[PDB]
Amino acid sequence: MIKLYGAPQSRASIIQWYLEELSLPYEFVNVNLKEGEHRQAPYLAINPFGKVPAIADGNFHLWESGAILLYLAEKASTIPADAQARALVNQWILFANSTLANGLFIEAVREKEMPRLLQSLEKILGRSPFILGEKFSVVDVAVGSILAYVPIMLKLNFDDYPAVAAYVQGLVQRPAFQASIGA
């Protein structure tokens, strides 16, 4: 089965949320970051940059939370996808991992970037329940996890963005979220 390498209150929880959504079994392997386990040869053979999360699926190893989400989404897919359908999913995962996370969590750029990001998301989320339309997808795990960390880590709220606020509330109340990030 999939082995997920993670640590307490790390991005491995985002992978656990998607595994809960997909109803897939997995082994959780704790990596003791406080004691430097991630900086030793055994973990560096899984991720040479010593970061969690990572997965092992047999002899295959993979790191970067965004690449793990895309991999799990592809493996679970029932209808074959083309380069354009994968590209739109990749776009949102890259956005969550760079443009969005940076604009919200980098103090030097937050005042300018955060309102613009949320204003753009408000327009999108006001027209459809999920980022890609009527159906929940891996994009909502990627983008939604970053947004859900705003109240948790910055003590900020989405009161000025009602569609964003309702979207994040809807994700937080999903049983799969409550069994992972929300636990």
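Start at 1 with the first residue shown and count on from there.
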property: Segment of higher mean CA temperature factor, 50-58 or 125-133; result: 125-133
property: Segment of higher mean CA temperature factor, 93-101 or 73-81; result: 73-81
property: Third assignment of residue 16 from its chain's C-alpha B-factors; result: lowest
property: CA B-factor ranking of residue 115, expressed as a third of its chain; result: middle
property: Chain-wide C-alpha B factor ranking for residue 39, given as lowest, middle or highest third; result: middle
property: Third assignment of residue 7 from its chain's C-alpha B-factors; result: middle
property: Position of residue 65 among the chain's modelled residues by C-alpha B-factor, lowest, middle or highest third; result: lowest
